[PDB]
Structures are given as C-alpha cells and as structure tokens.
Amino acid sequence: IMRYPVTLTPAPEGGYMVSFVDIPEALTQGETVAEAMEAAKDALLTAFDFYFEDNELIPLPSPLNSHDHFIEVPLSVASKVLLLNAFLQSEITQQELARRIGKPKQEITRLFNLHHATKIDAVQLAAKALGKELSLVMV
C-alpha cells in the first residue's frame, strides 16, 4: 500500500519542517503536526507533478515503521506512478505506446498527467502494452 514516510523537524520559529527521505525536493512547513501533515500531502503531489513533467523515475516509498508519519497515495495517482516508472524503464516513445494500445497519441498523454481523469482500465491497457500486469489486492 503506497505510503510515503514523512519526517517532521520542529522549526526554530515555531511549527514543523516537512521532508521526505524518498522525495528529495519535497520540503514544506505547518504550525502544528496536523497542519504539517496536510502540507506534506500537497508537497508530495507537487513533487510528483515535476517527475511526470520532467520524465524522471519516481522513487518508491521506504518501508514504514509502526510510529512513522506517512502520506498515503490514492489508487488514481498510484496507478500512474507505477505506469510512469514502467514506461521510463521500457524506453519506448509515447507514439510507440499509443501504437501498441491502438489509441490516438493524444489519449496516451493523459496517462502521464496526474490532473487528467483517466479510467484505471486505460492505465491497465497501457501497462499490458509495456509487458506488465497491474492487479488489485483487498486486505
């Protein structure tokens, strides 16, 4: 389950500095632990936007300890994060991925943008074009 561990460091001027061991550019702040953790979510989603825009691999979460603070990624985002990494490892072009799925090139663009709504079934078709299988587990 995709959970990014968060580091809270008391800020000298008050509040909590937010960092991610796995996500080096995600740096933010809140007055309280609760507000810091809500700032943390926005910083992680903004850092993802940059990895998608820059065509760079998104580092996976380090395993949690019992007491860790974490940000949980919802399945909409997690599906794309898995897809982006599988796409970049494949070294195919977006044109080639479109050709394999059998869709216009425009329709593949949404796959690599966290703010366009995309059916999980279209993410699954893309994963299959790259020789990968996406599956669901219920615990």
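Numbering starts at 1 and runs along the sequence shown.
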Name the higher of the two by mean Cα B-factor in the PDB entry, 65-73 versus 24-32.
65-73
Most elevated Cα B-factor in the entry, residues 93, 106, 85, 79
106
Cα B factor band for residue 47 (lowest, middle or highest third within the chain)
lowest
Considering every modelled residue of the chain and its Cα B-factor in the PDB entry, is residue 116 in the lowest, middle or highest third?
highest
Residue 18 CA temperature factor, ranked by third within the chain
middle
Would you please rank residue 101 by its C-alpha temperature factor against the other modelled residues of its chain and give the third it falls in: lowest, middle or highest?
middle
Splitting the chain's C-alpha B-factors into thirds, which one does residue 60 fall into?
highest
